[PDB]
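J.:
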Amino acid sequence: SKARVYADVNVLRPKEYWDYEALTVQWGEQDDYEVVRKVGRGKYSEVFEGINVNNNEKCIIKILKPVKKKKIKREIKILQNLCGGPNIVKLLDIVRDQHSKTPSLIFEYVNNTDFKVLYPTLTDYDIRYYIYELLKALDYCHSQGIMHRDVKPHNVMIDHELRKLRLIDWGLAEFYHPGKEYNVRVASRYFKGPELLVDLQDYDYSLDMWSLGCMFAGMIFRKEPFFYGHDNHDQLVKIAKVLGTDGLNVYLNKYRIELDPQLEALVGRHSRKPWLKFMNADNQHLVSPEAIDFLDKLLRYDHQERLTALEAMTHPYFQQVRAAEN
Ligand SMILES: O=c1cc(-c2ccc(O)c(O)c2)oc2cc(O)cc(O)c12
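For the sequence shown, the deposited numbering assigns the number 7 to the initial residue and increments by one for each residue that follows.
1. Relative to ligand 1, is the shortest distance from any of its heavy atoms to the C-beta of residue 197 smaller than 7 Å?
2. How long is the line joining the alpha carbons of residue 319 and residue 141, rounded to whole angstroms?
3. Pull the bridge partners of residue 65 from the DSSP assignment, please.
4. Check whether the Cβ atoms of residue 78 and residue 147 lie closer than 8 Å to each other.
5. Cβ atoms of residue 52 and residue 64: under 8 Å apart, would you say?
6. Give me the Cα-Cα distance between residue 192 and residue 7, rounded to the nearest whole angstrom.
7. Which ranges would you report for the alpha helix (DSSP H) in the region 158-215 if only whole runs of at least 4 residues count?
8. Measure from the alpha carbon of residue 295 to the alpha carbon of each residue in 253, 151, 280, 16, then state which is nearest.
9. Whole angstroms is fine: what's the gap from residue 205's alpha carbon to residue 190's?
10. Any contact between the region 179-190 and the region 148-156? By contact I mean 3 or more CB pairs, one from each, below 8 Å.
11. Taking only the alpha-carbon atoms, compute the straight-line gap between residue 92 and residue 174 and give it to the nearest angstrom.
12. Hey, is the region 109-116 in contact with the region 203-217, meaning 3+ C-beta pairs nearer than 8 Å?
13. Could you give the C-beta distance for residue 164 and residue 131, rounded to a whole number, given that I count them as a contact under 8 Å?
14. Within 10 angstroms of the Cβ of residue 263, are there 16 or more other Cβ atoms? Answer buried if so, exposed if not.
15. Count the other CB atoms, across all protein chains shown, that sit within 10 Å of the CB of residue 277; report buried if there are 16 or more and exposed otherwise.
16. Determine, using beta carbons only, whether residue 31 and residue 100 come nearer to each other than 8 Å.
17. By how many angstroms is the C-alpha of residue 195 removed from the C-alpha of residue 237?
18. How many angstroms separate the CA atom of residue 35 from the CA atom of residue 152?
19. Grab the span of the alpha helix (DSSP H) containing residue 81 for me, first residue to last.
20. Roughly how many angstroms separate the alpha carbons of residue 123 and residue 25, rounded to a whole number?
21. According to the neighbour-count rule (16 or more other Cβ atoms, all chains shown, within 10 Å of its Cβ), is residue 129 buried or exposed?
22. Considering only residues of the same chain and omitting the five flanking positions on each side of residue 177, which have a CB-CB separation below 6 Å?
23. Would you check whether ligand 1 has a heavy atom nearer than 7 Å to the C-beta of residue 175?
24. Measure the alpha-carbon distance for residue 203 versus residue 314 and round it to whole angstroms.
25. Flag this pair as yes or no: are the beta carbons of residue 198 and residue 241 separated by less than 8 Å?
26. Would you mind working out which of 207, 170, 171 sits nearest residue 188, comparing C-alpha positions?
27. Near residue 127, what residues of its chain come up, given a Cβ to Cβ distance below 7 Å and the 5 sequence neighbours on each side ignored?
28. For residue 169, count the other beta carbons within 10 Å of its own beta carbon; 16 or more makes it buried, fewer makes it exposed. Which is it?
Right, here's the structure in full:
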């Protein structure tokens, strides 16, 4: 299996571009940046609104928890490679504590509203707009040879007033190389593509399109997370109970994959549930044939069948957003 688009990006570029292990970091001044207030946290970092003391401008200070240096340089390399791309978070500086050497990444500040509060207020038009903005970021990183591998609302910062969106947390992102077998313990459970869940390791940028599909279903159906598995086995069961097992079977057969007996037994057999069965009084104003058609084209078991980010942006679902831009 191989990407249908941008498969040669890292092939054609100098090794300096994707060989992140050979990076030697230029450390800035730790004292340029002061923590103002904690805003976020996760397994690998803590995140603070900060102040650049030279120019009194806001910034984000992402303090990294202990991890292998390889992973730090990977995230730094990918951020440098993508800095300036549409809707990609801007890495501004890289600094460290002198005594403990704990690194922090300094980013542009985005005046975010949390998705659990923001999304329920978004009109049908806003959903189209912000998803279009997120697609610009994904097509860009894909075009630059990078898979994000952790698309989810928690990693999409939205300053709603300015209608500004940024794709953040590149800490699980990787360079795409034709034929490479990747770790499948990426993404957050509710957003893991079937490839991850059945152990297909030669995946590509299309993994992000599945994750975007999950985010999008959660928005239009007002069911967050859309596929709510308690563990990775359960996650595949939850998918199969919507897409149906006949489709899973064709998929597995195509890529010569068999499930673990325990996993196979848990998935069982399930008819496909048509998308309209998720419409209700709460989500009615958001669910249209174009939304459904676009969703259907993202949530396919076969990663090769999913729309690319570039095709996604051209879907008639976005035609109003494109017209506003043109
Ligand atoms: O502007 C924000 C920027 C970031 C951020 C930026 C880059 C990252 O690699 C990351 O992991 C988080 O994270 C936030 C997290 C928040 O809760 C609120 C925010 O405004 C931000």
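Idealized CB from N, CA, C, for every residue including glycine.
T.: Short version:
1. no
2. 7 Å
3. Per DSSP, the beta bridge partners of residue 65 are 56, 114.
4. no
5. no
6. Computed Cα separation, rounded: 19 Å.
7. 200-204
8. 280
9. 7 Å
10. Because the criterion of three Cβ pairs below 8 Å is met, the region 179-190 and the region 148-156 touch.
11. 12 Å
12. no
13. Rounded, the Cβ-Cβ distance is 15 Å, inconsistent with contact.
14. exposed
15. Exposed.
16. Closer than 8 Å, so yes.
17. C-alpha separation (whole angstroms): 7 Å.
18. Near 29 Å, if we compare the C-alpha coordinates of residue 152 and residue 35.
19. 75-88
20. One C-alpha to the other measures close to 40 Å.
21. It is exposed - the Cβ of residue 129 has fewer than 16 other Cβ atoms within 10 Å.
22. 50, 81
23. At a threshold of 7 Å, residue 175 counts as near ligand 1, since its beta carbon sits closer than that to one of the ligand's heavy atoms.
24. 21 Å
25. Against a cut-off of 8 Å, the Cβ pair of residue 241 and residue 198 comes out as a contact.
26. 207
27. none
28. exposed
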